[PDB]
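Here's the structure we're looking at; comments come further down.
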Ligand SMILES: OCc1cnc(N2CCOCC2)s1
């Protein structure tokens, strides 16, 4: 089997991408944030505290003839940005782009933190990291991809995120028309539960490529590119008027600037992030200070190849017995 679903930016800045997901019988379609940095499939629901729902579409398990309470199971997650959610668990049928999994754990939110409430466009998350990170207790549950894997034509999914445009998540096949050149594959460590890999270096604009190992994670659920303060300082030094504000939350630049590209290495291959992908617009409405899309990871504990980096590439998440990552230009 295979699946192919379109993923759409939630706003004009590509802050996140939403993908329609059919849950239950008859289907209830919710728009979920596919997140290769986590491993829970959780949804706003009829059980979510009413004051914490503000425009999201909810899953109502009592209206699904295939829903079953997973007795005794609870979940609770905290994300790197400080947001969180928790609740109980049902199993139900879940389909993505025509690919159907029966008995998928659907984690129903009883509580969500304010950032989720305040974003009416995201109805939940669909985690695509390794199932060892799934938070369901006392019996850990499998991700949608782990459940689907054995049925797929090939044990892979691909992320093809658009710049200010829709893109595609495919399951079970590699669309050879979706990228240029070849796909370069690179080793993955699953020791932390992430799609963790090592970039071979970087360049700023037309500058020379610096060969240096940069360990990090491929994370579709993080908006920006978070890298070593050294690498990040080298990039912002090429933009006139750039400064790092503790008060705003990182590097900002004058909105009148033209940003240079940023290149990262994948083995001997190179992925070029155009300068325009690094512009996240005014810090507040009407400001002439703009927020940068490349930021320091120094306070995170890990480097994160988030959407800014991933949307410059066609990315293969190869879930074979020894997982690997693939990157191609497009
Ligand atoms: O081509 C693979 C597909 C993409 N979306 C599909 N559907 C199936 C019907 O329910 C809406 C979603 S099939």
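Numbering (mature numbering (1 follows the signal peptide of the UniProt record, and there is no 0)), first residue to last: 70 to 399. No residue lacks a Cβ here, since even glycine has one placed at the ideal position from N, Cα and C.
Range covered by the alpha helix (DSSP H) that runs through residue i
i: residue 214; result: 213 to 217
i: residue 183; result: 183 to 186
Same chain, Cβ closer than 8 angstroms to residue i, five either side skipped, listed in chain order
i: residue 259; result: 199, 201, 265 and 392
i: residue 234; result: 78
i: residue 352; result: 317, 321, 358, 359 and 360
i: residue 146; result: 107, 109, 111, 153, 154, 155 and 204
9 angstroms Cβ cutoff met for residue i and residue j
i: residue 344; j: residue 333; result: no
i: residue 116; j: residue 144; result: no
i: residue 329; j: residue 307; result: yes
i: residue 251; j: residue 338; result: yes
i: residue 85; j: residue 395; result: no
i: residue 271; j: residue 296; result: yes
i: residue 244; j: residue 229; result: yes
i: residue 377; j: residue 340; result: no
i: residue 255; j: residue 335; result: yes
i: residue 80; j: residue 237; result: no
i: residue 137; j: residue 231; result: no
i: residue 261; j: residue 87; result: no
i: residue 76; j: residue 103; result: yes
i: residue 241; j: residue 213; result: no
Cβ neighbours of residue i in the same chain (closer than 7 angstroms, five flanking residues each side left out)
i: residue 192; result: 99, 100, 101, 112, 113, 125 and 126
i: residue 182; result: 152, 153 and 154
i: residue 82; result: 349 and 350
i: residue 179; result: 116, 117, 118, 155, 156 and 157
i: residue 385; result: 225, 227, 243, 252, 394 and 395
i: residue 312; result: 321
i: residue 280; result: 269 and 270
i: residue 139; result: 158, 159, 160 and 174
Cutoff 9 angstroms: residue i Cβ touching any chain D Cβ
i: residue 285; result: Within the model displayed, chain D is absent; a lone protein chain is all it includes.
Residue span of the beta strand (DSSP E) that contains residue i, given as start and end
i: residue 273; result: 265 to 273
i: residue 253; result: 253 to 256
i: residue 229; result: 225 to 229
i: residue 422; result: Outside the modelled stretch of the chain, which goes from 70 to 399, sits residue 422, for which no answer is possible.
i: residue 238; result: 236 to 240
i: residue 348; result: 348 to 351
i: residue 295; result: 294 to 296
i: residue 287; result: 279 to 287
Top-ranked residue by Cα proximity to residue i, from the options
i: residue 156; options: 250, 382, 206 and 365; result: 206
i: residue 215; options: 163, 360 and 249; result: 163
i: residue 94; options: 282, 381 and 172; result: 172
i: residue 363; options: 298, 211 and 327; result: 298
i: residue 209; options: 350, 229 and 108; result: 108
i: residue 97; options: 132, 371, 106 and 232; result: 132
i: residue 184; options: 335, 122 and 218; result: 122
i: residue 130; options: 104, 161, 103 and 106; result: 161
i: residue 282; options: 300, 218 and 91; result: 300
i: residue 305; options: 390, 279, 273 and 196; result: 273
i: residue 168; options: 257, 325 and 89; result: 89
i: residue 388; options: 380, 257, 365 and 261; result: 257
i: residue 218; options: 71, 76 and 371; result: 71
i: residue 267; options: 284, 275 and 280; result: 284
i: residue 319; options: 134, 368 and 87; result: 368
i: residue 309; options: 326, 315 and 303; result: 326
i: residue 170; options: 356, 390, 134 and 220; result: 220
Contact set for residue i: own chain, Cβ-Cβ below 6 angstroms, skip 5 residues either direction
i: residue 73; result: 166 and 239
i: residue 263; result: 198 and 286
i: residue 142; result: 158 and 205
i: residue 398; result: 249 and 250
i: residue 288; result: 105, 106, 373 and 375
i: residue 247; result: 229 and 383
i: residue 186; result: 121 and 123
i: residue 365; result: 298 and 301
i: residue 211; result: 200
Opposing strand residues paired with residue i [DSSP bridges]
i: residue 165; result: 168
i: residue 101; result: 88
i: residue 321; result: 312 and 360
i: residue 305; result: Partner(s): none; residue 305 has no beta bridge.
i: residue 397; result: 383
i: residue 110; result: 195
i: residue 157; result: 143 and 177
i: residue 78; result: 86
i: residue 372; result: 285
Residues surrounding ligand 3 [beta-carbon distance to nearest heavy atom under 5 angstroms]:
In the structure shown, ligand 3 is absent; the only ligands present are ligand 1.
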